[PDB]
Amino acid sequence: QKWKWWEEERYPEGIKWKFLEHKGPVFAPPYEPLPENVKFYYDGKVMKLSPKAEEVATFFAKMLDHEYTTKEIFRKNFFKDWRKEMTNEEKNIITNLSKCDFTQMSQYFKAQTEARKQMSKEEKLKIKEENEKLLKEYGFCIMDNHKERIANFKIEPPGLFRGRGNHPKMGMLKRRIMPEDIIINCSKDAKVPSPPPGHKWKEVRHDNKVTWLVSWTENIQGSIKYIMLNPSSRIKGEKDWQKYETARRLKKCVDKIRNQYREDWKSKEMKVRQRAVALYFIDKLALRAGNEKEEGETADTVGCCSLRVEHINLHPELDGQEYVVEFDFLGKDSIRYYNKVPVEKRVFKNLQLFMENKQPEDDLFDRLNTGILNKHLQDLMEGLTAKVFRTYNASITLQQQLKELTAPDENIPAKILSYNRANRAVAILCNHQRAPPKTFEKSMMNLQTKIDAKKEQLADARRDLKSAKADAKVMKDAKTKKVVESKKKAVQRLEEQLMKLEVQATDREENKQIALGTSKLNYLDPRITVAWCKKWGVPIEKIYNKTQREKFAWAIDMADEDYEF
């Protein structure tokens, strides 16, 4: 069937749904304590760990293999959070983490993973079926006249916080989410889901100005987690489509804004000059609008509006470049951003002004935050904020590079390479880095030995063709010529294969320290891709896989070859 929601009339502003029914959240599987033969030791002598404490102790044991279990903060926060979940006949004995021996616990769990990957196609087939009966009853909710998929219906198990970067809270206990934390949400006329026996959910909500099915407040940050619908849904995809159409609207008056923020660098007020320089950073330098965040509750990271002075060092000349601003900081997810950038005359001079009589630990743009900057953007264009730039600059770069890369001649596998090269450019601009695949970049030697082997399979068809001509000369007939054809069409089938292997080795080695994912899904207007595919006859499945085709179902169907962002 497949419901073409994009053909429907836009859902009237404010209300998200008229009717919402769902089976609720699936809870994390109960804890199975340790057997008799898996003993825990403290101060060398055996210790009986109560169910509560035993669990918190496993979470650490299973991580013993990682290098972070040796960091101060990790161990400090851990031990503190373990103390709470301990009995007094245990809070009296265990004074420190350092005297606790998890070695045996840690060993059993590495054995479980082994004994698991050695199962029978009877057990493995049963689990893979019991896992399918859960996805049917719990993974589909009903939102207005339709059956749509839920994204992550399984509530996350309790464990230990790690987070990304050097985070202050690493090692803390993530408590087990009970029904009494869950806030259900659904329509008044919908069958309310039944809670686990002998429990009550925190609240049965009916707020129809939201898209969520369930919410709870996790304890590490005190942030609210949600169980929202699958990206393939209407509610998620109309939002997605809107986000693109909003960045597409930015396109028709982008140069207008670029005229203004240019001369704004020459205004009376520092506040307007700051706002404009920051806007330059977000525009031409694809920075995020860096909100302020609670220090000692998150990893010290930034974005443009939050950039401290210590994140830049002013250089007049370097490598033959004029007015270079050296960026050096940890962006989102503690991912470094280093950029030597030649800026215009006023901008370099404006930055010196913004850094005068200031200490390294102070802001660059004081008198600025995301709030001021975004209030301006709104006035500049109906519905514009500072993230829309990243959507424009990323999307439009794909469209441009696909134009400047794709040649009509190329066979399908080299066009895929051209597309990926386009994607790659966006990725480097949006700084979606990657740590090289776990020493496995010797898979290149194991791909080169396959290419060098094909150079033989072809080299032999070349010397086969050279001898076919040496027989076609002496005694020329329609039996020798039609063989010099079968040896020519043979050089070709191998030539097209070598291309397919070499082009695929380039694609792989260029995308070594880059990440296309976050842009593939989150930043590029899927229609830009779809058009490119319809044009050169590249079957979509070569670019977007099934969950992607499904998420992007709206683009595929509602976009021709002629489409232009």
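All residue numbers refer to positions in the sequence shown, first residue = 1. Between two forms, the rigid core is defined as the largest C-alpha subset superposing within 1.5 Å.
After superposing on the rigid core, which of 69-77 and 167-175 has its C-alpha atoms sitting farther from this form in 4 other deposited structures of this protein?
Larger mean C-alpha displacement, comparing 69-77 and 167-175 in 4 other deposited structures of this protein, is found in 69-77.
Rigid core fitted first, then name the stretch among 207-215 and 82-90 whose C-alphas deviate most from the displayed form in 4 other deposited structures of this protein.
Taking the RMS over all superposed structures in 4 other deposited structures of this protein, 82-90 lies farther out.
Would you say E32 is missing from a third or more of the other compared entries?
No, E32 is modelled in every one of the other compared entries that cover both of its flanks.
Is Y226 a gap in at least one third of the other compared entries?
no, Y226 modelled in all other entries.
For the C-alpha atoms alone, is the average B factor greater in 458-466 or in 302-310, going by the entry?
The deposited B-factors put 458-466 ahead on the C-alpha mean.
Which wins on mean Cα temperature factor, 114-122 or 323-331?
Result of the comparison: 114-122.
Which of these, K293, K403, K76, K442, has its C-alpha atom at the highest B-factor, as the entry lists it?
Comparing C-alpha B-factors across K293, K403, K76, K442, the top value belongs to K442.
Could you say which of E238, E245, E344, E137 has its CA atom at the highest B factor, as listed in the PDB entry?
Each of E238, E245, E344, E137 was compared by C-alpha B-factor; the highest is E344.
Can you tell me which third, lowest, middle or highest, the CA B-factor of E9 falls into for its chain?
Highest third.
For the chain shown, is the CA B-factor of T370 in the lowest, middle or highest third of its modelled residues?
Middle third, going by the recorded CA B-factors of the chain.
Comparing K358 with the other modelled residues of its chain, is its CA B-factor in the lowest, middle or highest third?
Highest third, going by the recorded CA B-factors of the chain.
Test of reading the entry: by CA B factor among the chain's modelled residues, which third contains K45?
According to the entry, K45 has a C-alpha B-factor in the chain's highest third.
Splitting the chain's C-alpha B-factors into thirds, which one does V192 fall into?
According to the entry, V192 has a C-alpha B-factor in the chain's lowest third.
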